[PDB]
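Chemist: Let me see the structure of the following:
(6 chains)
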Amino acid sequence: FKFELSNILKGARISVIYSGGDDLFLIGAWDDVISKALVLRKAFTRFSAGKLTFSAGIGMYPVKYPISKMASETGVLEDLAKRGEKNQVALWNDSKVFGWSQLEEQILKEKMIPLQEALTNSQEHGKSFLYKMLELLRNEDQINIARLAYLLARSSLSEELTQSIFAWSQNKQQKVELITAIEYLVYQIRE
Amino acid sequence: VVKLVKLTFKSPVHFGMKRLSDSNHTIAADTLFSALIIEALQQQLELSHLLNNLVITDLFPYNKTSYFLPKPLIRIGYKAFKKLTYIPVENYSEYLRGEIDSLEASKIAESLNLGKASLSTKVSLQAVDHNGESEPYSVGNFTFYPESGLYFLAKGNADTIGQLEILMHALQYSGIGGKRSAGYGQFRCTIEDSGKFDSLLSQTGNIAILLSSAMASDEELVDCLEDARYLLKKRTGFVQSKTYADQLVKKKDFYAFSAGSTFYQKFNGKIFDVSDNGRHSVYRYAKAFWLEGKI
Amino acid sequence: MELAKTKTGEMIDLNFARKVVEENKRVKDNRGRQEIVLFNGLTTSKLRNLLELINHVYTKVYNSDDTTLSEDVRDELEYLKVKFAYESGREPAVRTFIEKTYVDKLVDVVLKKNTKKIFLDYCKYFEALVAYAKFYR
Amino acid sequence: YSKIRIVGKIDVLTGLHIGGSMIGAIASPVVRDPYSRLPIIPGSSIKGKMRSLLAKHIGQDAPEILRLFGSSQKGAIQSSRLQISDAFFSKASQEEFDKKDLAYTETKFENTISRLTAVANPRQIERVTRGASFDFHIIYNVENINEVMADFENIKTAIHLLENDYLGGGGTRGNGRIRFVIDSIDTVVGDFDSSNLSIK
Amino acid sequence: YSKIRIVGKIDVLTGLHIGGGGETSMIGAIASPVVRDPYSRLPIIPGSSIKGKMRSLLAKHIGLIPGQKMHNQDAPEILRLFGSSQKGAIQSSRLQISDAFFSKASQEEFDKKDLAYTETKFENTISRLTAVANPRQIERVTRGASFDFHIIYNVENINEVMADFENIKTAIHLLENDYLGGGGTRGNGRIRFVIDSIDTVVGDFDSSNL
Amino acid sequence: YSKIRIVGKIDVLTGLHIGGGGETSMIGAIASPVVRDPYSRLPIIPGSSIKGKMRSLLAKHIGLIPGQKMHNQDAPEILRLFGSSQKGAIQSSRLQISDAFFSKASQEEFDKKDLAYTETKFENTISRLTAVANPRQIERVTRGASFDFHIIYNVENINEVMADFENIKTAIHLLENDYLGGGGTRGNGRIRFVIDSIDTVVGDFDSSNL
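Modeler: Numbers count the residues shown, from 1 in each chain, chains lettered A, B, ... in the order given. Here you go:
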């Protein structure tokens, strides 16, 4: 907490308000805070050789927004993660609580990276297509599953991604990861 | 004449602890007494009854399922026991005897559903017309569930009981807590004879537990402290009146044993004076209401 | 939606609509190139014409605040079954589509229920048939 | 001392955004009761709007304003006679909106067009749906028997000014128009005669 | 302090499309619907749309300073009428423009003759390259339909009221020669303020000649 | 800021068919209905159709850039006249073409001759191998029908106006030689444009010389 933490966070736009196994508080750029939070969980397990788990709450706030409010709201997110599924992290919203491995791979690697590479390659697609997909996923109507499939056929995205998105939407866990992965990509792509 | 007084809140209440942003789900007996005095002064009643015969309790959480008393400070998963703050009346004897386990304490903590706390972000536009700016501020409120309410037990003679009934009816329109007169604290109150509490109070146990936030007189303090497990709570605030001073004045800082504090030797309380050279004496209730228990 | 139970008791639902398109999908290697054929030759344009008929009734009821189906809406529904019958008689693939999806039978159920929700549910199923037909082509 | 209760109803004539997250999601929400999630009108918004309108009419700092809405000035500590509570989404409005499955609050899609690049920037706001009713509660404290009538006249003026004005939100762009229906004006505490008193 | 109420009607010369999103659309149905009041399900002309269009046209008429980035850089008359937001120079807007609501009389005129309030319009876009037409359906309010309007003017300075109302008239004149809502460069949203009624609803100001 | 108003008449030289969608049809009756105004149930020419055909004709006439994919890649003149949504180069449209409504003069003329506004043409597609035919019944506005066209031009730059109006005249000439609506290569949609009055309705611009 006091020494290795400086090397783990090295190179990231993060300021550590306080440290320690009792309570850890860091304020940083959101993409950096998430990536370093994942690095920390992997390091903690390695350092402890397992048998030790860390629960965290991650929140996204405008810079002008008050620190006390940031601290209070993020405390609640940490509490969500702590009460059940203590290893799992809570990110941005109460609705999104994810295991650290889930957040790192089943969301930021299996879903966000394909979508990211697909969008960049496609000259025919854009944030607006990703917003359309998100609106269907958010509504959660059975018809939207069908409407997403019509959008996917029109979209012409690579078939394996098309099928993977379709499968993800039908599975409840995959869709929350798909929603989060799309939202993370939109936050990253947005200027 | 111990009378239960159940309060049902129609609008959220503020109940500030140190700041306007924070909020509590309950209020101390002194905060209620100060409201009762302010009311009696408005209704032009004699303060002698309140200042000499009225004994009250901190407002305690109540649910349709149960009525919750404060957790006694008795030595007994320590986290689960420390997280617990209120114990139902039926489980109070079990907790005192030590028959409760950590999982049972967790269930007791989960049992209470007093309400859902929140923070309302308001703005002040008073300076906008003078080339100034809007000023954001936060008011912490607490919304009771519909069954959930705060109750208090009031003891005294018939005259002070009737005076309490009158003051309580006026109080519901007045409201309680902070930001009252700005949208908060409206409550509707019932006064009734409670078989549960009077039976509970009719016990002669080996230990005494403080129902109200109370402080002993100096002579009472020396006998009372021996073997006492307790939690000194600072009681501080500003004077709320139109006649105390031209400007707002803080009261003298007071420290009172918290509700649920356990004292081997019972001490009667005292209505202390936290005024500092004002046009009237600012009374701070610190009288003691005791629930005797067996450990 | 639980719109209807088909012969053998299978429920009619958006998942059923995906399955019905999937069962009636064949791959015919016409001129070497593999080509998807749905419902023994149903075309996109014919299904779009059928979807246009549903839309004209739908815009009325969907806009309408009232739940019970208006008498003119019930008329349009009866006309829809007449148009279904006409298209089935005029095209064998359309007859196969109507028989497999049970769309014509459902319109009678919607008339029996006289409910906006059962109408919206029939419209959803028809839309899923169209969406899945697009996805599997 | 007397306490007079004014119980009434607020009708939403244009969508109301009292105000008080995820991308492509409503950017501004409304104030809602935490347990019931129903939209509410804070008792501070009504009080502040009425005070501001009465200040504009009278002119704040006038003695009538300070005695109606309280003051903490040095040597002028006055309790607020008007205790306006939070207005709650009415049960009748809940019943009518539940029939026809009408959502209590509707998202409104707006945008701003820049004067430089002519580029639109979308915003989504939540407004309580028109046709919604809030049960509003007001308590008047009779600090002085001789200034009740005038105070009520002031109240009436403010309410009249409010009926041609908006409640909290972007009301200069068509939001927050309200109507007051005074159900009763009753004396809950004391022997005061409030039968002649009128808000509208 | 006086409040003058301007009440009247706006008449749809050509089909009006003020879009409102938030709802997924059925396949083959209208992709972009119009904003409708939720309770009446009847289309509405938002007061924000009218205010923004009037302010933009009035700003173009009065003139724009070179490189004007914000709306608070408009002319002092515009900031006086429609409001300002500068730090230390917050000007309260004299004009409060309400949402126009579909007229009951237009509703009756449409319920008889059995005409729908909104019309589906089938357009397409033809690619510059492939010359391939891609269709779309857009909802528009029908020409016959009329919307009741309601505006409040606050008399904060009694001297400028005439001039302010002149600006309002100029703005309305511009709005009559311009359109409202979206798609107005392809023939949508032409309107006219055929009905006006000006009355001092609050106070003692003289609005007889306004 | 000046607005110039052009009013006039579009005259149908040959039966004109502009497609409309969602119209229920009787078996064996008209299966290709022309666009109609919902209120009066009369044929209407959409301003979107006029604007699209004029813009396409003018853009192709001056010359498309090789491999052009979007409308925003048109020549700068076309972008200034008809608008441009290009990212970072959004340009306003000076032309505001509106819906052309069936004129009362032509409607009264038809009613005098007891003629319906929209003719029904019978056409068929014949297979050139099996000689099997597929009959179609379409709707075309009857020849000699006239539509009231109303175009608003905005004077953003005083210097540009003369060249802009020259371009509009060129586009009108293109649309006269070209058809409007569908099936033009089979004779449908020939039209004529006459001008009633070019007047400046907003501002002090002198439009008499135009």
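
Chemist: Up against chain F, what does chain D have?
Modeler: D:117-119 (CB under 8 Å from any CB of the partner chain). C-beta here means a position set from N, CA and C on the backbone, and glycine is covered the same way.

Chemist: how about the strands of chain A, start to end?
Modeler: Assigned by DSSP state E, chain A shows strands spanning A:14-18, A:25-28, A:57-58, A:89-91, A:97-98.

Chemist: Also chain C?
Modeler: Counting by DSSP E, the strands of chain C are C:5-6, C:10-11, C:25-28, C:35-38.

Chemist: count of neighbours near residue C:97?
Modeler: Using other CB atoms under 10 Å in any protein chain shown, residue C:97 has 28 other residues around it.

Chemist: Double-check it against residue C:39; I have them as touching.
Modeler: Yes: between residue C:97 and residue C:39 there is a contact under CB atoms under 8 Å: 4.5 Å.

Chemist: Tell me where the stretch 1-150 of chain B has helices.
Modeler: Assigned by DSSP state H, counting those that start in this stretch, the helices in the stretch 1-150 of chain B fall at B:29-42, B:48-52, B:78-83, B:89-97, B:102-111.

Chemist: how about those helices in JSON lines, adding distance to residue C:5 and mean neighbour count?
Modeler: Below are the helices of the stretch 1-150 of chain B laid out as JSON lines (distance: least, CB to CB, whole Å; neighbours: other CB atoms under 10 Å in any protein chain shown):
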{"stretch": "helix B:29-42", "distance to residue C:5": "65", "mean neighbour count": "22"}
{"stretch": "helix B:48-52", "distance to residue C:5": "74", "mean neighbour count": "16"}
{"stretch": "helix B:78-83", "distance to residue C:5": "52", "mean neighbour count": "13"}
{"stretch": "helix B:89-97", "distance to residue C:5": "53", "mean neighbour count": "17"}
{"stretch": "helix B:102-111", "distance to residue C:5": "44", "mean neighbour count": "16"}
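
Chemist: Next, format those helices as CSV and append distance to residue D:19.
Modeler: Listed next are the helices of the stretch 1-150 of chain B as CSV, based on distance: least, CB to CB, whole Å:
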stretch, distance to residue D:19
helix B:29-42, 31
helix B:48-52, 43
helix B:78-83, 35
helix B:89-97, 43
helix B:102-111, 34
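
Chemist: and chain C, which residues reach chain A?
Modeler: C:1, C:13-15, C:17-18, C:124, C:127-128, C:130-132, C:134-135, C:137.

Chemist: Of these, just the buried ones, PyMOL syntax please.
Modeler: Entered in PyMOL, the line below selects the buried ones among those, by 16 or more other CB atoms under 10 Å in any protein chain shown:
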select buried, chain C and resi 1+13+14+15+17+18+124+127+128+130+131+132+134+135
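
Chemist: right, and the pair among the residues of chain C next to chain A with maximum separation?
Modeler: C:1 and C:137 (23.6 Å; CB to CB).

Chemist: so who does the residue of chain D found nearest chain C touch?
Modeler: Nearest residue of chain D to chain C (CB to the nearest CB) works out as residue D:100 at 5.7 Å. With contact set as CB atoms under 8 Å, 6 or more residues apart in numbering or on different chains, residue D:100 has these partners: residue C:65.

Chemist: Angles on the backbone of it, please.
Modeler: Backbone torsions for residue D:100, taken as degrees, to the nearest 10, come to phi 80, psi 0.

Chemist: ok, residue B:163 to chain A distance?
Modeler: 42 Å (CB to the nearest CB, to the nearest Å).

Chemist: Quick check: which helices or strands does whatever helix or strand that residue lives in pack against?
Modeler: With elements taken from DSSP states H and E, the one containing residue B:163 is helix B:158-174. If contacts are counted by 3 or more CB pairs under 8 Å, 6 or more residues apart in numbering or on different chains; DSSP states H and E, helix B:158-174 sits against strand B:3-9, helix B:29-42, helix B:48-52, strand B:187-192, strand D:2-12, strand D:178-189.

Chemist: now with 6 Å?
Modeler: helix B:29-42, helix B:48-52, strand B:187-192, strand D:178-189 (3 or more CB pairs under 6 Å, 6 or more residues apart in numbering or on different chains; DSSP states H and E).

Chemist: Mind listing residues that contact that helix?
Modeler: With contact meaning CB atoms under 6 Å, 6 or more residues apart in numbering or on different chains, helix B:158-174 is reached by B:1, B:35-36, B:39-40, B:43, B:49, B:53-54, B:154, B:187-189, B:191, D:3, D:139, D:188-189.

Chemist: Check those for burial and list the buried ones.
Modeler: Buried by 16+ other CB under 10 Å: B:35-36, B:39-40, B:43, B:49, B:54, B:154, B:187, B:189, D:3, D:139, D:188-189, out of those.

Chemist: What is the burial count for the closest residue to chain F within chain A?
Modeler: Among the residues of chain A, residue A:123 lies closest to chain F, at 9.0 Å counting by CB to the nearest CB. Close neighbours of residue A:123, defined as other CB under 10 Å, add up to 7.

Chemist: contacting residues for residue 28?
Modeler: Answering for chain A, as no chain was given. Neighbouring residues of residue A:28 by CB under 6 Å, 6+ apart: A:13-14.

Chemist: Chain C, not that one
Modeler: Residue C:28 neighbours (CB under 6 Å, 6+ apart): C:35, C:37.

Chemist: Okay, it and residue A:119: tell me how far apart.
Modeler: Distance, residue C:28 to residue A:119, by CB to CB, to the nearest Å: 35 Å.

Chemist: Likewise for residue B:57?
Modeler: Residue B:57 is 64 Å from residue A:119, by CB to CB.

Chemist: between these two, who's got more neighbours?
Modeler: residue B:57 (27 against 16).

Chemist: doesn't residue B:153 make contact with the more buried one?
Modeler: Yes: contact between residue B:57 and residue B:153 holds when scored by CB atoms under 6 Å: they sit 4.6 Å apart.

Chemist: gap between stretch D:30-47 and the chain center?
Modeler: 10 Å (CA atoms, centre = their mean, to the nearest Å).

Chemist: Can that stretch be said to contact chain B?
Modeler: Yes: counting by CB under 6 Å from any CB of the partner chain, chain B is contacted by stretch D:30-47 at D:34-35, D:42-44.

Chemist: Give the ChimeraX command for selecting the buried subset of these.
Modeler: Buried members of those, defined by 16+ other CB under 10 Å, are picked up in ChimeraX with:
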select /D:34,35,42,43,44
